[PDB]
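Reviewing the structure listed below.
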Amino acid sequence: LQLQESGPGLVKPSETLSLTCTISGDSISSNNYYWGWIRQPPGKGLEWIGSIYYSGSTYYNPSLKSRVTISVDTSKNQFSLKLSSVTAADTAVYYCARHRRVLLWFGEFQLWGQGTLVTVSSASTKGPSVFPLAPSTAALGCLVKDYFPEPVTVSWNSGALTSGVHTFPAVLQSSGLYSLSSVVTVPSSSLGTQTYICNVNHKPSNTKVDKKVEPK
Amino acid sequence: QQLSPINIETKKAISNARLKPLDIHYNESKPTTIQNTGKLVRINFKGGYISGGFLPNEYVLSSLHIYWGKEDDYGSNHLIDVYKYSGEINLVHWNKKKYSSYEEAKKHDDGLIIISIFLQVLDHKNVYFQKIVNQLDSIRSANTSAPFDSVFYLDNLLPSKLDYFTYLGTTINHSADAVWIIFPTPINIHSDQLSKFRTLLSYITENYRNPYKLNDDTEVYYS
Amino acid sequence: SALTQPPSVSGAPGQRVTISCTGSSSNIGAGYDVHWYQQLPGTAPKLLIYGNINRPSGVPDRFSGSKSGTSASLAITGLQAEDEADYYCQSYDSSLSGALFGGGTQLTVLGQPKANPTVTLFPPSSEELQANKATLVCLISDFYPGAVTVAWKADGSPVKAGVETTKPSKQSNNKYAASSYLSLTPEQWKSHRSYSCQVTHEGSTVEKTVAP
């Protein structure tokens, strides 16, 4: 069993945030469970948004009851969140999770999705520029420059290269744009022969850049 | 998806802190009509409720269903350690505190609670159960209704001990999901009384539904 | 309708640490169970304890749960370094008619030794220069504690503009990392013999130098 959020990183203020969880490896139509959305503002606590039964019944957080809608699609093994009239307090990581029905109330959240960051901002979508950091053991890398919003993932050789990899936390510039770098330490004898490509994925703009990094 | 009825396995049942004693108020419960449905006997009610125990609100009484088998020793829907009782009564309830009618409550997650009282064929003539047994002459044909022309107090069909198992399953027809409250201690009736149900017409020899597999992820609780 | 947790706890490795979860008559005191979750930085919450006392497969024996009255408690008996995380109690509340999380407890494991920073400095790429821009990238990793000071030099003279430096944050190994970015014009880059990134940590400095 796996849960998998799907939805936009960015939504303009006073508009409707929209997310979708997709379940795989097991059926959503089961009377033993509810399907819940939870959020975490950066550096703050978990807040339960609401939950839904396979057959339609909903239970929402009374703080957010008037702005929240949840729905199920048993034919497509998924359920959705819509959160209306959005301000900077609604900027958060949004998690989908399966929790237990215990008789006439809820039990534990057994399985959670990865989480997806939604940022409330009037500003526009900005996919990064990617520049190779040549090796000159040896350190080589990729400079991922001027994106908005977070997040950005970096892999090397489509995930085959993991040892010695350190993708650093982004700097937030005075412009309001982010930049980060990813480096990999490698044996310096490999530098003539061995291919090194960083794969940058900025999902908020669907910007995907593969950059080969060679000695200059 | 966990369907009803099931074989309750005692070794797999677990505790929970909220399973206090169940308060049952039928002091103001009266029967209305009684029906032969072609499959089984239904008795409708107006008034009465259940509360306490693990329930957050009270659930009001709706109707009573009666099940039986071909022979006296084997006629219940539910089982406890592969053991069947002679028959089974199902008292249906619904969340009137939250929802506006029964058919409305049938669509919600927490709409229904069904209580299960077992019947065991001994050699005692149940004086309270007889008052149901007497009414069966009216509803001989299939799909007939008659008024309950008899004073009846539902409290007197409760078992002597109200220790209970409880699990989430469905209604018997798989119409809706429902929480079950199942009393293991059966009420005692005579073979005469039960055999009268077998003279009803669709001859309705038996109407119990066979059990479904207790899933690995379904929890059954003891009080 | 609130679950209170102390915002932070700390202990040395191998100590016993407890985290309390105070509730009310509408949640813990009504017999609705308490569940606990562990969250590592940047990852999803993971179920740690369920039904007051139960452990799922994979959760080690050192994690333990209890409950009495309106209060519940996560005990960790024998702190390991991997246990640095946020911990959340969770339950059901009858007036809310739904789930309820506590505020969370940040658990810090004390006793880590001092560790000097690893520093890597990259010059501007050919590609960035061809696009009329230039970034020097100083990368700082595997240090403890988190406080770091970063100075830049152009030919041994202090650089006073174009610098932006991240606040240090925890890596997955519980040591700190930070980045410093010096942006220049291509003219400025080619105007000096070398640039340097100097990183000061707990009184001593690590220096790296790059040249056009």
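Numbering starts fresh at 1 for the residues of each chain in the structure tokens, the chains themselves are lettered A, B, ... in the order given, and ligands are numbered from 1 as they appear.
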
With a distance cut-off of 7 Å and only C-alpha atoms, select the neighbouring residues of residue 188 (chain B), excluding the residue or stretch itself and same-chain residues fewer than 3 positions from it, and output the selection as an NGL selection string.
-> :B and (119-122 or 124 or 126)

Any idea which chain C residues end up within 10 Å of chain B if we count only C-alpha atoms, as a ChimeraX atom specification please?
-> /C:30-33,51,94-95,97

Which neighbours of residue 175 (chain A) fall inside 12 Å, counting only C-alpha atoms, when residues of the same chain fewer than 5 positions from it are skipped, and could you give them as an MDAnalysis selection string?
-> (chainID A and resid 123 146:148) or (chainID C and resid 164)

Written selection (N, CA and C atoms) as a PDB file, in the first residue's frame:
ATOM      1  N   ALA A 123       2.870  36.133  -6.411  1.00  0.00           N
ATOM      2  CA  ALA A 123       3.957  36.069  -7.403  1.00  0.00           C
ATOM      3  C   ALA A 123       3.820  34.907  -8.385  1.00  0.00           C
ATOM      4  N   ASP A 146      17.705  30.706  -9.055  1.00  0.00           N
ATOM      5  CA  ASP A 146      16.529  31.569  -9.244  1.00  0.00           C
ATOM      6  C   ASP A 146      15.242  30.814  -9.556  1.00  0.00           C
ATOM      7  N   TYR A 147      14.719  30.101  -8.567  1.00  0.00           N
ATOM      8  CA  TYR A 147      13.394  29.502  -8.697  1.00  0.00           C
ATOM      9  C   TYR A 147      12.422  29.976  -7.627  1.00  0.00           C
ATOM     10  N   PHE A 148      11.143  29.778  -7.918  1.00  0.00           N
ATOM     11  CA  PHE A 148      10.061  30.053  -6.983  1.00  0.00           C
ATOM     12  C   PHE A 148       8.828  29.246  -7.405  1.00  0.00           C
TER      13      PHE A 148
ATOM     14  N   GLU C 164      25.115  36.335   0.079  1.00  0.00           N
ATOM     15  CA  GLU C 164      23.957  35.849   0.848  1.00  0.00           C
ATOM     16  C   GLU C 164      24.159  34.418   1.292  1.00  0.00           C
TER      17      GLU C 164
END

I want to know what sits within 6 Å of residue 37 (chain A), based on only C-alpha atoms, with residues of the same chain fewer than 4 positions away left out; could you give that as a PDB file with N, CA and C atoms, in the first residue's frame?
ATOM      1  N   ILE A  49      -7.154  18.396   8.938  1.00  0.00           N
ATOM      2  CA  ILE A  49      -8.085  19.192   8.123  1.00  0.00           C
ATOM      3  C   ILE A  49      -9.453  18.532   8.146  1.00  0.00           C
ATOM      4  N   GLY A  50      -9.470  17.266   7.745  1.00  0.00           N
ATOM      5  CA  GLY A  50     -10.711  16.527   7.630  1.00  0.00           C
ATOM      6  C   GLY A  50     -10.496  15.117   7.128  1.00  0.00           C
ATOM      7  N   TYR A  95      -0.475  16.598   3.712  1.00  0.00           N
ATOM      8  CA  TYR A  95      -0.358  15.143   3.737  1.00  0.00           C
ATOM      9  C   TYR A  95      -1.720  14.477   3.554  1.00  0.00           C
ATOM     10  N   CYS A  96      -1.760  13.437   2.723  1.00  0.00           N
ATOM     11  CA  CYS A  96      -2.878  12.496   2.688  1.00  0.00           C
ATOM     12  C   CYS A  96      -2.502  11.242   3.487  1.00  0.00           C
TER      13      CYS A  96
END

Near residue 13 (chain A), within 10 Å and counting only C-alpha atoms, which residues show up once chain neighbours fewer than 2 positions away are dropped, as a PyMOL selection string?
-> chain A and resi 10-11+15-17+84-88+90+119-123

Near chain C, 9 Å: chain A residue rows, closest pairs, only C-alpha atoms, as a Markdown table:
| residue | atom | partner | partner_atom | distance |
| --- | --- | --- | --- | --- |
| A:44 | CA | C:103 | CA | 7.9 |
| A:45 | CA | C:103 | CA | 5.3 |
| A:46 | CA | C:101 | CA | 6.4 |
| A:47 | CA | C:101 | CA | 6.3 |
| A:48 | CA | C:99 | CA | 6.4 |
| A:49 | CA | C:99 | CA | 8.8 |
| A:50 | CA | C:98 | CA | 7.6 |
| A:51 | CA | C:98 | CA | 8.0 |
| A:59 | CA | C:98 | CA | 6.3 |
| A:60 | CA | C:98 | CA | 7.1 |
| A:61 | CA | C:96 | CA | 7.0 |
| A:62 | CA | C:96 | CA | 6.6 |
| A:95 | CA | C:44 | CA | 7.6 |
| A:105 | CA | C:92 | CA | 7.2 |
| A:106 | CA | C:92 | CA | 6.4 |
| A:107 | CA | C:33 | CA | 7.2 |
| A:108 | CA | C:35 | CA | 6.1 |
| A:109 | CA | C:47 | CA | 6.9 |
| A:110 | CA | C:47 | CA | 6.1 |
| A:111 | CA | C:46 | CA | 7.6 |
| A:112 | CA | C:44 | CA | 6.7 |
| A:113 | CA | C:44 | CA | 7.0 |
| A:114 | CA | C:44 | CA | 5.6 |
| A:115 | CA | C:44 | CA | 6.4 |
| A:131 | CA | C:127 | CA | 6.5 |
| A:132 | CA | C:125 | CA | 6.4 |
| A:133 | CA | C:125 | CA | 6.1 |
| A:134 | CA | C:125 | CA | 7.3 |
| A:135 | CA | C:122 | CA | 8.6 |
| A:139 | CA | C:120 | CA | 7.6 |
| A:140 | CA | C:122 | CA | 8.6 |
| A:141 | CA | C:122 | CA | 8.9 |
| A:143 | CA | C:137 | CA | 8.3 |
| A:166 | CA | C:141 | CA | 8.9 |
| A:168 | CA | C:179 | CA | 7.2 |
| A:169 | CA | C:178 | CA | 7.3 |
| A:170 | CA | C:166 | CA | 7.3 |
| A:171 | CA | C:166 | CA | 5.2 |
| A:172 | CA | C:166 | CA | 7.7 |
| A:173 | CA | C:164 | CA | 7.0 |
| A:174 | CA | C:164 | CA | 8.6 |
| A:180 | CA | C:179 | CA | 8.2 |
| A:181 | CA | C:137 | CA | 8.1 |
| A:183 | CA | C:139 | CA | 8.8 |
| A:216 | CA | C:126 | CA | 8.6 |

With C-alpha atoms retained, could you export that selection as a short mmCIF file (atom, residue, chain, number, x, y, z; two decimals), in the first residue's frame?
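Output file part-v9.cif is given in full below:
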data_model
loop_
_atom_site.label_atom_id
_atom_site.label_comp_id
_atom_site.auth_asym_id
_atom_site.auth_seq_id
_atom_site.Cartn_x
_atom_site.Cartn_y
_atom_site.Cartn_z
CA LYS A 44 4.93 24.42 13.09
CA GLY A 45 2.65 21.57 14.17
CA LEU A 46 0.38 19.08 12.44
CA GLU A 47 -3.24 20.10 11.98
CA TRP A 48 -5.99 17.69 10.96
CA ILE A 49 -8.08 19.19 8.12
CA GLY A 50 -10.71 16.53 7.63
CA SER A 51 -11.52 12.92 6.76
CA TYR A 59 -15.83 15.12 9.16
CA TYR A 60 -13.99 18.49 9.13
CA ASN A 61 -11.92 20.56 11.61
CA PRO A 62 -14.42 23.09 13.12
CA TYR A 95 -0.36 15.14 3.74
CA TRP A 105 -14.80 7.32 16.12
CA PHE A 106 -11.28 7.41 14.57
CA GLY A 107 -8.07 5.62 15.48
CA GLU A 108 -4.50 6.04 14.25
CA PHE A 109 -3.05 7.36 10.97
CA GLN A 110 -1.29 4.20 9.79
CA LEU A 111 0.05 5.20 6.37
CA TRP A 112 0.95 8.67 5.12
CA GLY A 113 1.87 10.15 1.73
CA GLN A 114 5.17 11.98 1.06
CA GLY A 115 3.52 15.38 1.56
CA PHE A 131 24.76 25.52 -14.37
CA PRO A 132 27.39 22.77 -14.07
CA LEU A 133 30.04 23.08 -11.35
CA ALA A 134 33.08 21.49 -12.97
CA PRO A 135 35.34 19.25 -10.86
CA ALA A 139 33.94 17.61 -5.96
CA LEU A 140 31.56 18.42 -8.80
CA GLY A 141 28.00 19.69 -8.76
CA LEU A 143 24.02 25.21 -9.32
CA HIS A 166 24.84 16.35 -0.72
CA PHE A 168 22.12 21.70 0.19
CA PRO A 169 19.19 23.70 1.61
CA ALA A 170 18.25 26.66 -0.58
CA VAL A 171 19.13 30.28 0.06
CA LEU A 172 16.21 32.73 -0.10
CA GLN A 173 17.55 35.80 -1.90
CA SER A 174 16.53 39.44 -1.40
CA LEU A 180 20.50 25.76 -4.15
CA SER A 181 23.47 23.63 -5.09
CA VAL A 183 27.51 18.33 -4.96
CA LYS A 216 36.91 22.11 -18.05
#

Exercise: residue 153 (chain C) partners within 10 Å, only C-alpha atoms, chain neighbours under 5 positions left out, as number ranges by chain = C: 158-160, 194-198, 209

Saved selection, atoms kept: C-alpha atoms, as a tab-separated table (two decimals), in the first residue's frame:
chain	number	residue	atom	x	y	z
C	158	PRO	CA	37.19	41.98	2.38
C	159	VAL	CA	34.18	41.77	0.03
C	160	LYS	CA	31.31	43.95	1.26
C	194	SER	CA	41.70	35.04	-6.71
C	195	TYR	CA	38.64	34.97	-4.45
C	196	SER	CA	38.44	33.20	-1.11
C	197	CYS	CA	35.72	31.80	1.15
C	198	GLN	CA	36.77	31.84	4.83
C	209	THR	CA	40.50	29.90	-2.79

If the cut-off is 8 Å, can you tell me the residues of chain B near chain A, counting only C-alpha atoms? I'd like them as a CSV table (one decimal) with C-alpha atoms, in the first residue's frame.
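Wrote result.csv, looks like this:
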chain,number,residue,atom,x,y,z
B,1,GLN,CA,-14.7,-4.6,2.9
B,2,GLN,CA,-16.0,-6.5,6.0
B,55,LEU,CA,-22.0,5.5,22.1
B,56,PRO,CA,-21.4,9.3,21.9
B,107,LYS,CA,-26.2,6.5,4.0
B,108,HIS,CA,-23.9,7.7,6.8
B,109,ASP,CA,-20.8,6.0,8.3
B,110,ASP,CA,-22.2,6.2,11.9
B,167,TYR,CA,-17.5,-4.9,15.6
B,168,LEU,CA,-18.1,-2.9,12.5
B,169,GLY,CA,-19.7,-4.8,9.6
B,177,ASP,CA,-22.5,-0.3,7.1
B,179,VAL,CA,-21.9,-1.3,14.2
B,217,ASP,CA,-7.8,-6.1,9.5
B,218,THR,CA,-11.2,-6.3,11.2
